[PDB]
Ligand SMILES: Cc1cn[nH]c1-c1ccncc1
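Quick setup: one chain, the form deposited without ligand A1AP7, written in structure tokens, and binding and motion questions come after.
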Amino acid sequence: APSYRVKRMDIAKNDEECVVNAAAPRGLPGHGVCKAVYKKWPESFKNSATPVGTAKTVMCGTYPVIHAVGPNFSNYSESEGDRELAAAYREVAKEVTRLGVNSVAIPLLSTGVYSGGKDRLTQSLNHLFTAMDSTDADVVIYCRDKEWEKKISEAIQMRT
């Protein structure tokens, strides 16, 4: 039965059937998660650029990389940013369904450098749940911060 889990580790080392990239705009290698994805699955960046609020899947071999471009809250208002963040996750759920995969590795979109200097764990996680609750896939959320793992883990347990 479909679950949610959280792991504090590099998503480029995930054990799931596909990976969501916290993609930088313009198809660029970016920083953080995006850069790790670029180093592990560079061929997935061929023609990967996609607008803020959307997702685009490129295969690396037969492994799907879902490039999801969340808004950068240094450039978006809070209301417009929230709408595009919600929409990016929606498009992730649509791609996961289309691919038919049994599991997916996801990072929290629009946190870190695309956060507008704000803690957006809860905002981004709740959009993740809303979108992925609509799918059948096992979801494994990948973070790096130890306090975030705790908070994510608590949220996962509050809905079981």
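Numbering starts at 1 and follows the sequence shown.
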Ranked by mean Cα B-factor in the entry, 115-123 and 48-56, top stretch is 115-123
So, looking at the entry's B-factor column for Cα atoms, which has the higher mean, 9-17 or 147-155? 147-155
From 35, 94, 67, 26, pick the one with the largest CA B-factor in the entry? 35
Report the third (lowest, middle or highest) to which the CA temperature factor of residue 61 belongs, ranking only the modelled residues of the same chain. middle
Is the Cα B-factor recorded for residue 103 in the lowest, middle or highest third of its chain? lowest
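What comes next is about the form solved in complex with ligand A1AP7, which is not displayed.
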Might residue 66 be said to contact ligand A1AP7 in the bound PDB entry, defining contact as any heavy atom within 4.5 Å? no
Is residue 92 part of the interface with ligand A1AP7 in the bound PDB entry - any heavy atom within 4.5 Å? no
So in the bound PDB entry, is ligand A1AP7 close enough to residue 33 to count as touching (4.5 Å, heavy atoms)? yes
Under a 4.5 Å heavy atom criterion, is residue 140 part of the interface with ligand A1AP7 in the bound PDB entry? no
